[PDB]
Amino acid sequence: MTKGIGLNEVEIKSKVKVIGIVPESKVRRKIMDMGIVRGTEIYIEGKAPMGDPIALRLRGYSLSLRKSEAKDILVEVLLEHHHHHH
């Protein structure tokens, strides 16, 4: 629970919680339709070689969403320990 940033501002293999969504964006429907809701945990698998889109594992399955959708999702960083730089 913190001031949420966009999921597009997160990096690979990190866990964040879906605080909220940016409503009326229409893509808000897209996000909700994918099965992402307030309280879901987002596990970033990796990013495309172009930086976009991103590979996520949420709900129960892995799938790739675009940075555009990730920009409408506001998440909180759950993981803080000692990030592996290699």
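The PDB entry annotates the protein chain as FeoA-like protein originating from Clostridium acetobutylicum. This entry carries the title "NMR Structure of FeoA-like protein from Clostridium acetobutylicum: Northeast Structural Genomics Consortium Target CaR178".

With that settled, the discussion passes to the environment of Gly35. On the secondary structure map, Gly35 appears in the loop between α1 (27–33) and β3 (41–47). Between the C-alpha atom of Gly35 and that of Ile21, which follows or precedes it by 14 residues, the distance is 13 Å. With sequence-adjacent residues up to four places away left out, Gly35 is seen in contact with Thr40 and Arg59.

As a further point, take the nonpolar core. Counting residues in each nonpolar core, the largest one holds 15 residues, and the members touching the most others are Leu7, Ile36, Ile42, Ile44, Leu56, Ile73 and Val75. At the level of secondary structure, the elements contributing two or more residues to this core comprise β2 (15–21), β3, β4 (54–58) and β6 (73–77). Residue contributions to this core peak at three residues, all from β4. What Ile44 contacts, discounting residues up to four positions off in sequence, is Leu7, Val10, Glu11, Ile12, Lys13, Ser14, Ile54, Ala55 and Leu56.

Reading the values: the criteria
Residues numbered from 1 in each chain as written, not as in the entry; some residues may be left out. Heavy atoms only, no water. Helix = DSSP H or I, 4+ residues; strand = E, 2+ residues; numbered from the N terminus. Contact = heavy atoms within 4.5 Å. Core = buried A, V, L, I, M, F, W, Y, C linked by side-chain atoms within 4.5 Å. Buried < 20%, exposed > 50% of the residue type's maximum accessible area, 1.4 Å probe, protein only.

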